[PDB]
Each structure stands twice: as C-alpha cells, then as structure tokens.
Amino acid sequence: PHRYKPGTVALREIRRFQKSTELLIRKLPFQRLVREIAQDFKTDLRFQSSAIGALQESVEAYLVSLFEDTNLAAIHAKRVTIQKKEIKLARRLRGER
C-alpha cells in the first residue's frame, strides 16, 4: 500500500490553495448563515446578490489573514500546530475585543 508521511499531503494542500483564489466556504451554507445573522436585526430582508459575495470575500480574506497570524503564534511557542490558544493571542494582538 502507499502512504504519504503525515504532513506531506498537507503541504501539498498549502501549496495548492495559495496558488488559487476561489472562495473556500460552500456558497449556500454561507448565504444561510448571513441570512440567519441578519434576521436578528431586520426581518424580511432581501439581499442583493453581490452583497453576499462582498460579504464572503470579506470574511474569507479575514480568516486567512487571521490564520497566518495564528500560525506565527504557533511557530513561536516552538510548535507547528495551531492551537485554540494561538487564535486567542493572534486576535489579541491585532487588537480585537
């Protein structure tokens, strides 16, 4: 049988996604979420199409921006695994609470 040492396909993935630029969260599920979130403000709200996109491109940009920082908080603790505690610090330093 063939087995790729752990962390090898992962790196295949990193190289992969940094080369492309398509959104990475499923469209509808996302739309759903937005809608849900919005409902809590104004009911019966119609969303222009692109408003979901500008919304999604936005969030994804952020989460990726945030992940890089998170990954730096990892390598810092002399590790290579992003832990819930990195995000805390990562967000804590970009200043977000």
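In case it trips you up, residue 1 is the first one in the sequence shown, and so on.
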query: Which has higher Cα B-factors on average according to the PDB entry: 81 to 89 or 5 to 13?
result: 5 to 13
query: Mean CA B-factor: is it higher for 54 to 62 or for 33 to 41?
result: 33 to 41
message: Sorting by Cα B-factor within the chain, modelled residues only, which third would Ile25 end up in: lowest, middle or highest?
response: highest
query: Mind checking which third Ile75 falls in for C-alpha B-factor across the chain?
result: middle
